[PDB]
Every structure is written in structure tokens, then in C-alpha cells.
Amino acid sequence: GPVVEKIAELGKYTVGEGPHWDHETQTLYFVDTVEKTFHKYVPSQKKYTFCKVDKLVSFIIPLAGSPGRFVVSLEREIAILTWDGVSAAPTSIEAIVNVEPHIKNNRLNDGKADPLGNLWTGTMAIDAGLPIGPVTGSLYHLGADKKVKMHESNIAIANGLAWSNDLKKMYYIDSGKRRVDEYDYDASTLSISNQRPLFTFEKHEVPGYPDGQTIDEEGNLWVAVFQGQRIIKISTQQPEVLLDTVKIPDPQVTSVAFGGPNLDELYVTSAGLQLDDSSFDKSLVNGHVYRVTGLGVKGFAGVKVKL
């Protein structure tokens, strides 16, 4: 089957997350959502660097047309970070907008640009919990004149996002619902409607919780399963179709991104954070980064945020 390789040079992460593959520089960026640090990995040169800040972070995406600048989350703020990619702190930080100025215990979580370059991101309680905890998150996109628009609320744990190739569908994961939802996506108005379940974990005996996701060129979704020790491949052509399962040694798989020179290697982040309600003993929970080859599919390069 597919070959799953632990990336030794990268070490262990508390909650590694938000992988972004920059295809022109052949570079993987990612975050640790509890340790307040950004990470850069260049596989062809075996080069690893990091950057520390003093706010919780959850995504890092290159700014379109601005080498050396990134759009990031800092607690509840969307900001532009200027970073040379090697120094241990940012050169400067430019705040764009605070998405929830008066919800003091919320944070931004997963964020991703749609194929047109619009940033989408969701919030959640800092003390959110599974299976039950405070439900306080919403789904936003960053639109004209640096103002956000709200598209969904009552989100427990805002997580992975993806869009179909023809720009008619959006896929979204609230981990607390243990399902992947699909929406009709209107690219001209950037609005979503007709929410319905695409894939429900309970119907297929899939353990754990859906976390990050990414779509391949054939339109299949690859979904990280937190507390599932796996990634799964699900159809977008028909509801409730499990196409394949790939086991990952780390139980707490958090996200996925296609990368490599031909976009046919799947990079997989995980969490070493040891939780008190785990289905897995502490010795199993490490937080390594993995590379999966031999999946027989290609993905897309990560999209830069347009501002």
C-alpha cells in the first residue's frame, strides 16, 4: 500500500497544524496551535526553521504578490507577518482586523484561501471540548476593505475547508458534528447555501473526529481523523462513500496538504498533546510529521491570500 514516512528532521509538535505547501519555493509552512510558533520546512534542502510570537496562532498563508509576508492568525486578529523565514521572531506585525473583539475567550482556528484567494477562517472557544463543550464559533471570510462576513454560526471546533474544482461546492468540518458538510458555493457573491451532510462518521464506523481536509485533482477529499490514527479518502460525487483508509502511526492526526515537486506527496501533521479522555495511551501520542507517497493522486498547490 501507500508508504508512510516519519519526517525525522522535523521533530515532535504539541499540536502541529495548518500545513501550507508553497509550490514555487517548494516549501511547507505550518503552525503549532498551542505553542505560539510558526514553522518552515524545505524538503529538498532538509531545512527547518521556526518563528515565535506571544499570541495563539492557527494558520500561516503567503500574501499574494508580497514575498516575505504572510497572513496569519494571532488570537482573534488576522494579521500580516513580515518574516524572513529563518529568524526566530517576526520582523514586524501589521494587524488587519479583529474578527471578534468582544468575545474574550474565543480564538481563530483553521483558515485557508479559496481558489480565488479569499481567506476563510473559523473561530471557537479556547476551552472548547469533545464530545461536549462550549459552542461559540462562527465561519467567516475576509472580504472587501478588510471587513469580514459571517456565513455560519454555532460551530464547536472550526476546522478543515476545501472547494471543488468547478467552484460550485464548498466542504467544511465542524469537528464536534463528526461529519463533513457540503454547501453550494456562489463564487460571484461569496455566499454559501443548501448545507447538507456529505459524510457522517457514525454511518461508516469511523472513530475519532474529522479535523483538517484537502481535496485532490479527482475531487476526492482527504480527511485527517483526530483520535483515529488515520487519514480517510471520501467521495464528493456521492454522499456517504468511504473510498480508502490510510493508517498513520500517530493517533491524533490533525491536517493534510499535498506537496512535493509533483504535488503527489501528502504531508500529514499530528498532535503530541496528551489529553485526559484519550482512546490511546500516552506512549503512542507523539506529534510527528509524516509524508505519504504512492496514493496515486495529485493535489493542488496552496493558494495565496489576496488582500
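Rigid core (definition): largest C-alpha set, two forms, superposition within 1.5 Å. The first residue of the shown sequence is 1; numbering continues from there.
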Quiz item: What stretch shows more C-alpha movement in 8 other deposited structures of this protein relative to this form, 142-150 or 212-220, after the core is superposed?
Solution: 142-150
Exercise. Going by the average Cα B-factor in the PDB entry, point out whether 82-90 or 144-152 comes out higher.
Key: 144-152
Exercise. Would you determine, from the values in the PDB entry, which of 15-23 and 293-301 has the greater average C-alpha temperature factor?
Key: 293-301
Practice problem: Identify, among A224, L108, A128, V72, the residue whose C-alpha carries the highest B-factor in the deposited PDB entry. | Solution: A128
Exercise. Give the position of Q274 by CA B-factor within its chain, expressed as the lowest, middle or highest third.
Key: highest
Exercise. State the tercile, meaning the lowest, middle or highest third, of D281 with respect to the CA B-factors recorded for its chain.
Key: middle
Quiz item: Split the chain's modelled residues into thirds by Cα B-factor; is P62 in the lowest, middle or highest one?
Solution: lowest
Exercise. Consider only the C-alpha atoms of the modelled residues in this chain, order them by B-factor as the entry records it, and name the third containing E217: lowest, middle or highest.
Key: highest
Quiz item: Based on the entry's values, in what third of the chain does the Cα temperature factor of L28 lie: lowest, middle or highest?
Solution: lowest
